[PDB]
file coords-v4.cif (mmCIF, N, CA and C atoms)
data_coords
loop_
_atom_site.label_atom_id
_atom_site.label_comp_id
_atom_site.auth_asym_id
_atom_site.auth_seq_id
_atom_site.Cartn_x
_atom_site.Cartn_y
_atom_site.Cartn_z
N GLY A 1 138.44 134.39 102.25
CA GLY A 1 138.50 134.23 103.73
C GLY A 1 137.57 133.11 104.10
N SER A 2 136.98 133.19 105.31
CA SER A 2 136.12 132.11 105.80
C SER A 2 134.98 131.86 104.88
N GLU A 3 134.32 132.85 104.29
CA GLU A 3 133.23 132.59 103.34
C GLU A 3 133.53 131.54 102.20
N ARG A 4 134.68 131.74 101.56
CA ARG A 4 135.16 130.81 100.58
C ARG A 4 135.54 129.40 101.08
N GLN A 5 136.07 129.38 102.30
CA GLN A 5 136.41 128.08 102.92
C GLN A 5 135.12 127.36 103.20
N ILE A 6 134.13 128.06 103.73
CA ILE A 6 132.80 127.49 103.93
C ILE A 6 132.16 126.97 102.66
N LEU A 7 132.17 127.74 101.57
CA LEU A 7 131.61 127.25 100.37
C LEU A 7 132.21 125.93 99.84
N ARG A 8 133.56 125.89 99.90
CA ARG A 8 134.23 124.69 99.57
C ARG A 8 133.93 123.49 100.47
N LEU A 9 133.84 123.78 101.79
CA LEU A 9 133.40 122.66 102.66
C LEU A 9 132.01 122.18 102.33
N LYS A 10 131.10 123.10 101.90
CA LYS A 10 129.74 122.67 101.56
C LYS A 10 129.69 121.86 100.26
N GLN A 11 130.56 122.24 99.33
CA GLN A 11 130.64 121.47 98.04
C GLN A 11 131.14 120.08 98.34
N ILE A 12 132.23 119.99 99.18
CA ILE A 12 132.71 118.64 99.55
C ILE A 12 131.60 117.88 100.27
N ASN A 13 130.89 118.49 101.20
CA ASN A 13 129.81 117.87 101.88
C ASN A 13 128.76 117.30 100.94
N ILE A 14 128.33 118.12 100.00
CA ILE A 14 127.32 117.56 99.07
C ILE A 14 127.88 116.44 98.25
N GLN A 15 129.15 116.51 97.85
CA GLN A 15 129.75 115.35 97.06
C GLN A 15 129.70 114.12 97.93
N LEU A 16 130.12 114.21 99.20
CA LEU A 16 130.12 113.02 100.05
C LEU A 16 128.69 112.51 100.32
N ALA A 17 127.73 113.40 100.58
CA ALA A 17 126.37 112.98 100.87
C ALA A 17 125.80 112.28 99.62
N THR A 18 126.13 112.78 98.42
CA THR A 18 125.62 112.15 97.18
C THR A 18 126.22 110.81 97.03
N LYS A 19 127.52 110.61 97.29
CA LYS A 19 128.08 109.28 97.19
C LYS A 19 127.46 108.33 98.19
N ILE A 20 127.17 108.76 99.41
CA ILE A 20 126.47 107.91 100.36
C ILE A 20 125.14 107.51 99.84
N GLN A 21 124.34 108.41 99.32
CA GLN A 21 123.02 108.09 98.76
C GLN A 21 123.23 107.10 97.66
N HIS A 22 124.23 107.24 96.79
CA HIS A 22 124.38 106.27 95.79
C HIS A 22 124.75 104.94 96.32
N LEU A 23 125.72 104.84 97.25
CA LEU A 23 126.05 103.57 97.74
C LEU A 23 124.91 102.91 98.54
N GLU A 24 124.06 103.67 99.25
CA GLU A 24 122.93 103.04 99.95
C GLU A 24 122.00 102.50 98.88
N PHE A 25 121.76 103.25 97.81
CA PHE A 25 120.87 102.70 96.76
C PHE A 25 121.51 101.46 96.12
N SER A 26 122.81 101.47 95.85
CA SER A 26 123.46 100.33 95.23
C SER A 26 123.41 99.11 96.17
N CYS A 27 123.68 99.29 97.45
CA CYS A 27 123.55 98.18 98.39
C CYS A 27 122.19 97.58 98.43
N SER A 28 121.13 98.40 98.35
CA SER A 28 119.75 97.91 98.37
C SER A 28 119.44 97.16 97.10
N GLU A 29 119.89 97.65 95.94
CA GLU A 29 119.67 96.95 94.74
C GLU A 29 120.38 95.61 94.75
N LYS A 30 121.56 95.56 95.28
CA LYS A 30 122.29 94.27 95.38
C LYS A 30 121.62 93.32 96.31
N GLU A 31 121.03 93.79 97.43
CA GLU A 31 120.30 92.84 98.28
C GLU A 31 119.07 92.29 97.59
N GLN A 32 118.43 93.06 96.72
CA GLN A 32 117.31 92.56 95.96
C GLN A 32 117.80 91.54 94.92
N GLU A 33 118.96 91.82 94.26
CA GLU A 33 119.52 90.84 93.34
C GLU A 33 119.81 89.53 94.11
N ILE A 34 120.38 89.59 95.32
CA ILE A 34 120.68 88.37 96.13
C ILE A 34 119.37 87.64 96.45
N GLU A 35 118.28 88.36 96.80
CA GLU A 35 117.00 87.71 97.07
C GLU A 35 116.49 86.95 95.84
N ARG A 36 116.61 87.57 94.69
CA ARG A 36 116.13 86.94 93.51
C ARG A 36 116.95 85.71 93.14
N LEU A 37 118.25 85.77 93.32
CA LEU A 37 119.10 84.58 93.04
C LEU A 37 118.82 83.47 94.04
N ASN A 38 118.62 83.83 95.30
CA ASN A 38 118.37 82.82 96.31
C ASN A 38 117.02 82.14 96.05
N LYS A 39 116.04 82.92 95.62
CA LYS A 39 114.73 82.34 95.34
C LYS A 39 114.85 81.38 94.16
N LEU A 40 115.61 81.70 93.12
CA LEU A 40 115.85 80.77 92.01
C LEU A 40 116.53 79.50 92.50
N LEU A 41 117.47 79.61 93.42
CA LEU A 41 118.14 78.44 93.94
C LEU A 41 117.20 77.55 94.71
N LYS A 42 116.37 78.18 95.54
CA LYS A 42 115.41 77.47 96.36
C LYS A 42 114.55 76.68 95.40
N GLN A 43 114.07 77.31 94.33
CA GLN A 43 113.05 76.70 93.43
C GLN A 43 113.58 75.53 92.74
N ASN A 44 114.89 75.45 92.54
CA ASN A 44 115.54 74.39 91.80
C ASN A 44 116.16 73.32 92.69
N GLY A 45 115.76 73.36 93.96
CA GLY A 45 116.18 72.37 94.96
C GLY A 45 117.60 72.50 95.48
N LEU A 46 118.19 73.70 95.36
CA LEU A 46 119.58 73.92 95.74
C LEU A 46 119.74 74.61 97.08
N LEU A 47 118.63 74.87 97.76
CA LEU A 47 118.68 75.49 99.09
C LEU A 47 117.95 74.54 100.05
N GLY A 48 118.14 73.22 99.96
CA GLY A 48 117.42 72.22 100.84
C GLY A 48 115.99 71.98 100.37
N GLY B 1 129.68 133.94 114.84
CA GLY B 1 128.94 134.23 113.54
C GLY B 1 128.94 133.08 112.52
N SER B 2 128.99 133.46 111.25
CA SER B 2 129.04 132.50 110.17
C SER B 2 130.19 131.44 110.30
N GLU B 3 131.34 131.84 110.86
CA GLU B 3 132.54 130.96 110.91
C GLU B 3 132.34 129.67 111.68
N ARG B 4 131.38 129.58 112.58
CA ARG B 4 131.11 128.40 113.30
C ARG B 4 130.70 127.18 112.43
N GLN B 5 130.24 127.47 111.21
CA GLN B 5 130.02 126.45 110.23
C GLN B 5 131.27 125.65 109.85
N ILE B 6 132.45 126.27 109.99
CA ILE B 6 133.67 125.59 109.57
C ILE B 6 133.87 124.30 110.32
N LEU B 7 133.87 124.34 111.62
CA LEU B 7 134.06 123.14 112.37
C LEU B 7 132.96 122.13 112.10
N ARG B 8 131.73 122.60 112.05
CA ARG B 8 130.61 121.69 111.90
C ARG B 8 130.77 120.88 110.57
N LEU B 9 131.02 121.63 109.47
CA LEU B 9 131.21 120.94 108.20
C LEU B 9 132.40 120.02 108.16
N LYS B 10 133.50 120.47 108.80
CA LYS B 10 134.71 119.61 108.82
C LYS B 10 134.42 118.28 109.47
N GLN B 11 133.76 118.37 110.61
CA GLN B 11 133.47 117.16 111.34
C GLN B 11 132.45 116.25 110.65
N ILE B 12 131.40 116.85 110.11
CA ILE B 12 130.39 116.07 109.32
C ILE B 12 131.14 115.33 108.17
N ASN B 13 132.00 116.10 107.47
CA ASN B 13 132.63 115.52 106.27
C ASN B 13 133.55 114.37 106.61
N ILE B 14 134.25 114.44 107.76
CA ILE B 14 135.00 113.27 108.25
C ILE B 14 134.12 112.05 108.53
N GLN B 15 132.95 112.31 109.15
CA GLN B 15 132.01 111.19 109.39
C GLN B 15 131.51 110.64 108.08
N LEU B 16 131.19 111.50 107.11
CA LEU B 16 130.63 110.97 105.84
C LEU B 16 131.74 110.19 105.10
N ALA B 17 132.99 110.70 105.13
CA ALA B 17 134.07 110.03 104.41
C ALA B 17 134.28 108.66 105.00
N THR B 18 134.14 108.47 106.33
CA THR B 18 134.22 107.17 106.94
C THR B 18 133.05 106.25 106.51
N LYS B 19 131.85 106.84 106.56
CA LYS B 19 130.64 106.03 106.17
C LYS B 19 130.77 105.56 104.76
N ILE B 20 131.35 106.35 103.84
CA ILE B 20 131.52 105.87 102.45
C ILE B 20 132.42 104.67 102.48
N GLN B 21 133.49 104.60 103.25
CA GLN B 21 134.30 103.40 103.28
C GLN B 21 133.57 102.20 103.79
N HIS B 22 132.74 102.41 104.81
CA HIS B 22 131.99 101.22 105.30
C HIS B 22 130.98 100.78 104.24
N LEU B 23 130.38 101.70 103.54
CA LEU B 23 129.36 101.29 102.53
C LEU B 23 130.04 100.68 101.34
N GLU B 24 131.26 101.14 101.00
CA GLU B 24 132.00 100.48 99.88
C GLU B 24 132.26 99.04 100.26
N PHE B 25 132.55 98.77 101.53
CA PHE B 25 132.89 97.39 101.85
C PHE B 25 131.64 96.58 101.76
N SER B 26 130.52 97.15 102.28
CA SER B 26 129.23 96.42 102.26
C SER B 26 128.80 96.13 100.86
N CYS B 27 128.98 97.06 99.97
CA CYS B 27 128.64 96.88 98.56
C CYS B 27 129.53 95.81 97.94
N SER B 28 130.85 95.86 98.16
CA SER B 28 131.78 94.85 97.63
C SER B 28 131.37 93.48 98.14
N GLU B 29 130.99 93.31 99.40
CA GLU B 29 130.68 91.99 99.98
C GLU B 29 129.45 91.48 99.27
N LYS B 30 128.48 92.36 99.02
CA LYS B 30 127.26 91.93 98.30
C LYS B 30 127.62 91.54 96.89
N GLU B 31 128.45 92.30 96.18
CA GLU B 31 128.89 91.87 94.82
C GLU B 31 129.55 90.47 94.84
N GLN B 32 130.34 90.13 95.85
CA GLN B 32 131.05 88.82 95.92
C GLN B 32 130.01 87.76 96.08
N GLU B 33 128.94 88.04 96.81
CA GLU B 33 127.85 87.08 97.07
C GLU B 33 127.05 86.86 95.83
N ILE B 34 126.76 87.88 95.07
CA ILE B 34 126.13 87.77 93.78
C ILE B 34 126.97 86.94 92.77
N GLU B 35 128.27 87.21 92.73
CA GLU B 35 129.16 86.36 91.87
C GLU B 35 129.11 84.92 92.29
N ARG B 36 129.16 84.66 93.58
CA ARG B 36 129.08 83.28 94.11
C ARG B 36 127.74 82.59 93.73
N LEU B 37 126.62 83.27 93.87
CA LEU B 37 125.32 82.73 93.52
C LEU B 37 125.15 82.52 92.01
N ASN B 38 125.71 83.46 91.24
CA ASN B 38 125.69 83.33 89.78
C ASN B 38 126.45 82.10 89.36
N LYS B 39 127.63 81.90 89.98
CA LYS B 39 128.42 80.71 89.62
C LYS B 39 127.70 79.43 89.98
N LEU B 40 127.02 79.41 91.12
CA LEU B 40 126.25 78.25 91.54
C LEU B 40 125.13 77.95 90.57
N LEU B 41 124.41 78.97 90.16
CA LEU B 41 123.35 78.81 89.24
C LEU B 41 123.91 78.35 87.89
N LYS B 42 125.00 78.96 87.45
CA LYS B 42 125.62 78.44 86.17
C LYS B 42 126.07 76.98 86.19
N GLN B 43 126.66 76.55 87.31
CA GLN B 43 127.18 75.17 87.43
C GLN B 43 126.01 74.24 87.39
N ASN B 44 124.82 74.69 87.78
CA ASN B 44 123.64 73.86 87.86
C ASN B 44 122.72 74.01 86.70
N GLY B 45 123.16 74.71 85.66
CA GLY B 45 122.39 74.74 84.40
C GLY B 45 121.32 75.83 84.38
N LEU B 46 121.39 76.76 85.32
CA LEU B 46 120.23 77.65 85.57
C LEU B 46 120.52 79.10 85.27
N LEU B 47 121.67 79.35 84.64
CA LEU B 47 121.95 80.76 84.35
C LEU B 47 121.99 80.96 82.84
N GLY B 48 121.14 80.19 82.15
CA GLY B 48 121.10 80.23 80.69
C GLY B 48 122.17 79.27 80.22
#
call {"tool": "encode", "arguments": {"input": "coords-v4.cif", "output": "structure tokens"}}
result
Amino acid sequence: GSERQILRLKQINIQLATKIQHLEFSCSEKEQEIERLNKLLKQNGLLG
Amino acid sequence: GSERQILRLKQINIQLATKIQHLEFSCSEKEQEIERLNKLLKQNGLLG
């Protein structure tokens, strides 16, 4: 009944919240990778 | 009673499922930028 429907909604909820946490962490790591590449470009005279 | 959780979880999960799509796009855009910077650095002798 409703108890089981609730449990399943909570499992889906945690799966979605975990994927969000992963994608926020992956986006942050990629912005750090972009900073590091841009700094290398700057140093080699490729960013003005 | 307990059943009021059903709507709350359903609605949260719709919001989270949408946010995952927006974060997937943000992550993909950052990956394309990293590929672009890697190629620039390679063309310029700087990626090994």
call {"tool": "select_by_dssp", "arguments": {"input": "coords-v4.cif", "residues": "chain B", "states": "alpha helix (DSSP H)", "output": "PyMOL selection string"}}
result
chain B and resi 5-43
call {"tool": "residues_around", "arguments": {"input": "coords-v4.cif", "residues": "residue 12 in chain A", "least_positions_apart": "6", "cutoff": "8 Å", "atoms": "all atoms listed in the file", "output": "list in words"}}
result
residues 6 and 18 of chain A; 13 of chain B
call {"tool": "atom_distance", "arguments": {"input": "coords-v4.cif", "atom1": "atom N of residue 22 in chain A", "atom2": "atom C of residue 38 in chain B"}}
result
26.3 Å
call {"tool": "atom_distance", "arguments": {"input": "coords-v4.cif", "atom1": "CA of residue 42 in chain A", "atom2": "CA of residue 48 in chain B"}}
result
16.9 Å
call {"tool": "calpha_fit_rmsd", "arguments": {"input": "coords-v4.cif", "fixed": "chain B", "moving": "chain A"}}
result
1.7 Å
call {"tool": "interface_residues", "arguments": {"input": "coords-v4.cif", "of": "chain B", "to": "chain A", "cutoff": "9 Å", "atoms": "only C-alpha atoms", "output": "compact mmCIF listing (two decimals) with N, CA and C atoms, keeping the file's coordinate frame"}}
result
# COMPACT_ATOMS: atom_id res chain seq x y z
N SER B 2 128.99 133.46 111.25
CA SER B 2 129.04 132.50 110.17
C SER B 2 130.19 131.44 110.30
N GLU B 3 131.34 131.84 110.86
CA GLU B 3 132.54 130.96 110.91
C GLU B 3 132.34 129.67 111.68
N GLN B 5 130.24 127.47 111.21
CA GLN B 5 130.02 126.45 110.23
C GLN B 5 131.27 125.65 109.85
N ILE B 6 132.45 126.27 109.99
CA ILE B 6 133.67 125.59 109.57
C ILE B 6 133.87 124.30 110.32
N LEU B 9 131.02 121.63 109.47
CA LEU B 9 131.21 120.94 108.20
C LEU B 9 132.40 120.02 108.16
N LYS B 10 133.50 120.47 108.80
CA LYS B 10 134.71 119.61 108.82
C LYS B 10 134.42 118.28 109.47
N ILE B 12 131.40 116.85 110.11
CA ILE B 12 130.39 116.07 109.32
C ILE B 12 131.14 115.33 108.17
N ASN B 13 132.00 116.10 107.47
CA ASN B 13 132.63 115.52 106.27
C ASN B 13 133.55 114.37 106.61
N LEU B 16 131.19 111.50 107.11
CA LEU B 16 130.63 110.97 105.84
C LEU B 16 131.74 110.19 105.10
N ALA B 17 132.99 110.70 105.13
CA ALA B 17 134.07 110.03 104.41
C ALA B 17 134.28 108.66 105.00
N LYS B 19 131.85 106.84 106.56
CA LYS B 19 130.64 106.03 106.17
C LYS B 19 130.77 105.56 104.76
N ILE B 20 131.35 106.35 103.84
CA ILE B 20 131.52 105.87 102.45
C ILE B 20 132.42 104.67 102.48
N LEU B 23 130.38 101.70 103.54
CA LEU B 23 129.36 101.29 102.53
C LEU B 23 130.04 100.68 101.34
N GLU B 24 131.26 101.14 101.00
CA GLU B 24 132.00 100.48 99.88
C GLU B 24 132.26 99.04 100.26
N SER B 26 130.52 97.15 102.28
CA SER B 26 129.23 96.42 102.26
C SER B 26 128.80 96.13 100.86
N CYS B 27 128.98 97.06 99.97
CA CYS B 27 128.64 96.88 98.56
C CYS B 27 129.53 95.81 97.94
N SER B 28 130.85 95.86 98.16
CA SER B 28 131.78 94.85 97.63
C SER B 28 131.37 93.48 98.14
N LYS B 30 128.48 92.36 99.02
CA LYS B 30 127.26 91.93 98.30
C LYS B 30 127.62 91.54 96.89
N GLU B 31 128.45 92.30 96.18
CA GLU B 31 128.89 91.87 94.82
C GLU B 31 129.55 90.47 94.84
N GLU B 33 128.94 88.04 96.81
CA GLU B 33 127.85 87.08 97.07
C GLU B 33 127.05 86.86 95.83
N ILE B 34 126.76 87.88 95.07
CA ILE B 34 126.13 87.77 93.78
C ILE B 34 126.97 86.94 92.77
N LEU B 37 126.62 83.27 93.87
CA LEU B 37 125.32 82.73 93.52
C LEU B 37 125.15 82.52 92.01
N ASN B 38 125.71 83.46 91.24
CA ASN B 38 125.69 83.33 89.78
C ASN B 38 126.45 82.10 89.36
N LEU B 40 127.02 79.41 91.12
CA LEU B 40 126.25 78.25 91.54
C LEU B 40 125.13 77.95 90.57
N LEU B 41 124.41 78.97 90.16
CA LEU B 41 123.35 78.81 89.24
C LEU B 41 123.91 78.35 87.89
N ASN B 44 124.82 74.69 87.78
CA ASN B 44 123.64 73.86 87.86
C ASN B 44 122.72 74.01 86.70
N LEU B 46 121.39 76.76 85.32
CA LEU B 46 120.23 77.65 85.57
C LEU B 46 120.52 79.10 85.27
